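Going down the list, the sequences are from chains B and A. Numbering-wise (the entry's author numbering), the first sequence opens with residue 1 and increments by one. Numbering-wise (the entry's author numbering), the second sequence opens with residue 3 and increments by one. Backbone N, C-alpha and C define an ideal beta-carbon position, used for all residues, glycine too.
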Amino acid sequence: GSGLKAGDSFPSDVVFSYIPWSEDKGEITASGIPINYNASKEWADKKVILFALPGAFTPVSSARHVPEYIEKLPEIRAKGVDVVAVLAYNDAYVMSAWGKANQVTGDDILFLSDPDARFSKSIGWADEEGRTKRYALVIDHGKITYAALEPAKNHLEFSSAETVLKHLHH
Amino acid sequence: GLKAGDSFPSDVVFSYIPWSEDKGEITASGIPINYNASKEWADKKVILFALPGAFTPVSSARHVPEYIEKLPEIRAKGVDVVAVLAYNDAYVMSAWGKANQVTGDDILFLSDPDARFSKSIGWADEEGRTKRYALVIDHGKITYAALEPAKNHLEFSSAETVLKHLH
Ligand SMILES: [Mg+2]
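So, in structure tokens, the structure goes:
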């Protein structure tokens, strides 16, 4: 891959897969329709936090990583962030279900699939099993302003809500 | 593929998280371990049904709930293991089990890693998902084998149909 650092442009043609939340499909046992989400296009005029993690329903990810972003969402929005998105290698059906498991509604946090971890692979941040690694990006109108890969699979620090917040608070 | 009278293949290993009370919550994750199906099923009567994926429409609305409802009849016919199989990793299969309010081993929610078992019998699709199918395995021997004619077609692998082939 290529790695990403602050000051880099967000790559072009980045496409994720997801199921937009809807009231009719609010039950976790109800499935919606997966569609493409063109992050490069959607995020051109937005300030975005993208955090990736080993997978939906994994231990650290489920116990700390996603709950902390939910808890900090009001402060994150207070700092001008338009989109918060979690990313993993799981398909859109699973990411959708995970959003519901975490009692997220609307688009408060986007639960996005990186199909075959292809985006994460393209920047060198996927692991040997084809999972995305744990990392965070802050992308402000197409420019990377924060980028951190965790030093280990089960280490949550540089991609945490609280840490990303510190960098928005500057 | 497989057919009635075939032996269940050797060295078949799935991945799963055994349900436990302390991890009962969908947001509480256990740790995947290997499930040596060939070894475990040698002296048991087993239903294994595979499907395109956890949290997929037909699988979630009909395929799994119908097995859940028929569990008492299934057990009354001498079946020792009921397992659902999909290409999702064990974390996802585990959560799906909780989403369906299944506990213990009433139905096992099993991962076919990279659909490798399903590929080995030629019953995986071009995206690497398992197809929708069912096997009844009785002490290591296949007594029923069904592959659905399409991804969203539920008939020969349904609980009703498998129940009618439990003689
Ligand atoms: Mg017919």
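{"Asked": "When you measure from the CB of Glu157 (chain A) to every non-hydrogen atom of ligand 2, does any distance come out below 7 Å?", "Found": "Absence of ligand 2 is noted for the structure shown, with ligand 1 being the only ligands found."}
{"Asked": "Chain A beta carbons: is any one of them nearer than 8 Å to that of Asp91 (chain B)?", "Found": "yes"}
{"Asked": "Could you tell me whether the segment 85-100 of chain A touches the segment 38-51 of chain A, where touching means 3 or more Cβ pairs closer than 8 Å?", "Found": "yes"}
{"Asked": "Quick check: is the beta carbon of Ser159 (chain A) nearer than 8 Å to any beta carbon in chain B?", "Found": "no"}
{"Asked": "Going by Cα to Cα distance, which pick from A:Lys100, A:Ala152, A:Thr145 is closest to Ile19 (chain A)?", "Found": "A:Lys100"}
{"Asked": "Looking at the C-beta of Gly55 (chain B), does it have a partner C-beta in chain A at a distance below 8 Å?", "Found": "yes"}
{"Asked": "Starting from the Cα of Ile28 (chain A), find the closest Cα among B:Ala56, B:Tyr93, B:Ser160, B:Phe119 and give me that residue.", "Found": "B:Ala56"}
{"Asked": "Check the Cβ of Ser17 (chain A) against every Cβ in chain B and list those closer than 9 Å, keeping chain order.", "Found": "None at all; the shortest Cβ gap to chain B is about 12 Å."}
{"Asked": "With a Cβ-Cβ cutoff of 8 Å, do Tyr146 (chain B) and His167 (chain B) count as a contact?", "Found": "yes"}
{"Asked": "Checking 8 Å against the spacing of the C-beta atoms, do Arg131 (chain B) and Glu150 (chain B) come in under that value?", "Found": "no"}
{"Asked": "So what does DSSP say about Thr163 (chain B), is it helix, strand or coil?", "Found": "helix"}
{"Asked": "Would you mind working out which of A:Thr163, A:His155, A:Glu129, A:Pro115 sits nearest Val14 (chain A), comparing C-alpha positions?", "Found": "A:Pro115"}
{"Asked": "Can you pull out the residues from the segment 15-39 of chain A whose beta carbon lies closer than 9 Å to at least one beta carbon of chain B?", "Found": "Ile28, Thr29, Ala30, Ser31, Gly32, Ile33"}
{"Asked": "Which residue's Cα is closest to the Cα of residue 177 (chain A): B:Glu129, B:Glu23, B:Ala63?", "Found": "Past the edges of chain A, shown from 3 to 169, lies residue 177 (chain A), and the structure says nothing about it."}
{"Asked": "Pull up the CB-CB distance for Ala136 (chain B) and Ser159 (chain B), whole angstroms please, since I reckon it's below 8 Å.", "Found": "4 Å"}
{"Asked": "Could you round the C-beta distance between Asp8 (chain B) and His141 (chain B) to whole angstroms and report it? I think they count as a contact, below 8 Å.", "Found": "Wrong, their Cβ atoms sit about 13 Å apart, outside the cutoff."}
{"Asked": "Would you kindly work out how many angstroms separate the C-alpha atoms of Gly106 (chain A) and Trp21 (chain A), rounded to a whole number?", "Found": "5 Å"}
{"Asked": "Please list the partners that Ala101 (chain A) has in chain B, where partner means a Cβ-to-Cβ separation under 8 Å.", "Found": "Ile28, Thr29, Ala97, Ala101"}
{"Asked": "I think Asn154 (chain A) touches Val60 (chain A), with their Cβ atoms under 8 Å apart; what is that distance to the nearest whole Å?", "Found": "5 Å"}
{"Asked": "Quick check: what's the CA-CA separation for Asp108 (chain A) versus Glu71 (chain B)?", "Found": "35 Å"}
{"Asked": "Please state whether DSSP places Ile109 (chain B) in a helix, a strand or coil.", "Found": "coil"}
{"Asked": "Using 8 Å as the limit for Cβ to Cβ distance, is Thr105 (chain A) near chain B?", "Found": "no"}
{"Asked": "What number of angstroms, rounded off, separates the C-alpha of residue 1 (chain A) from the C-alpha of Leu156 (chain A)?", "Found": "This structure cannot settle anything about residue 1 (chain A), because the visible part of chain A is limited to 3 through 169."}
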